[PDB]
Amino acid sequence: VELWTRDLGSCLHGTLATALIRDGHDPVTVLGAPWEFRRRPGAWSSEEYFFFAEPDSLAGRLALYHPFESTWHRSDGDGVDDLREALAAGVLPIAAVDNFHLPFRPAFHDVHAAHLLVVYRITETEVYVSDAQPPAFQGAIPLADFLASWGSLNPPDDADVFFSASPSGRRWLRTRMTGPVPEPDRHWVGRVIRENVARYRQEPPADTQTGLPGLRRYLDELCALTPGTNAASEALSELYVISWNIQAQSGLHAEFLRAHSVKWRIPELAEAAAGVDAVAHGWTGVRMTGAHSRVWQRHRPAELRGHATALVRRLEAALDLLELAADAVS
């Protein structure tokens, strides 16, 4: 059971990466191949691991080019018998936990936050957990502490407006690779890039903000709200939450492109990687301007609009670089 994360990444990519590594899959190839933007109004939950997956499973959408699937489960009762049975069947449960109740988390008895970790062993008295999020931890915690975190009501917390008010609900994610992986050769990388670019350029449906036009509409709608209003507060909470894993995927996609640039010495992939990293970095400007407005009432609408506009321009430039990269491998 391998600890895996990235400085732009959350427990969402981290826990899935651990599950993939256990089954001998390269998490950079699987989780880094897909690159998209989607926002469904009303869909977001106050959870570190929120990602808009519909109609795919959560793991399915995050690994769009692989036969990777997940199912959510709510465990009945007061014990961990379901997790014991899952482990005995060779499954690595990914548990929905509240950091407030995890002794090894900085948030312990301080900040409520909806989080994921891997459970890899259970005894009569201990649950062995793997959590790569800084500061990384792997080992036994008391059963009582695990149950407290797994059953947490995760109540609304003034100290965490982003990831509180989402009960753990004894939820856990089961992942499976249901067939053999595609060979990640030059032609496969070319097709992945072209499918990502085509999906970004597609005009979105009325009910879902997707790709480049969807990002434009989303940021215009966001910047139209008046700083400090309840409407703005709700929108900036959503922004910070949804943008974490969208930003994470941007960073992973850049790494995916760099890895294949090195493998085949194709500079177009490294150049594309720079454009994609510029989008990852552009998300920082937008979500942190949003965060400080939301939390500290640092209202800078000109800054938010500036970062929003820079992010769109960087995405435009990245898509053009990616088409040159696809041509270099196809």
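So that there is no doubt, residue numbering starts at 1 and follows the sequence shown.
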Which of 267-275 and 293-301 has higher mean CA B factor, as the PDB entry lists it: 293-301
Do the C-alpha atoms of 177-185 or of 236-244 have the higher average B factor in the entry? 177-185
Of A95, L92, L215, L252, which one's C-alpha B factor is largest in the deposited record? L92
Of the residues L117, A113, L87, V192, the one carrying the largest Cα B-factor as recorded: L87
Taking only the Cα B-factors deposited for this chain, tell me whether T71 sits in the lowest, middle or highest third. middle
Split the chain's modelled residues into thirds by Cα B-factor; is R22 in the lowest, middle or highest one? highest
How does the C-alpha B factor of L8 compare with the rest of the chain: lowest, middle or highest third? lowest
What third of the chain, by the recorded C-alpha B-factor, contains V262? highest
Sort the modelled residues of this chain by their C-alpha B factor and say whether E36 lands in the lowest, middle or highest third. lowest
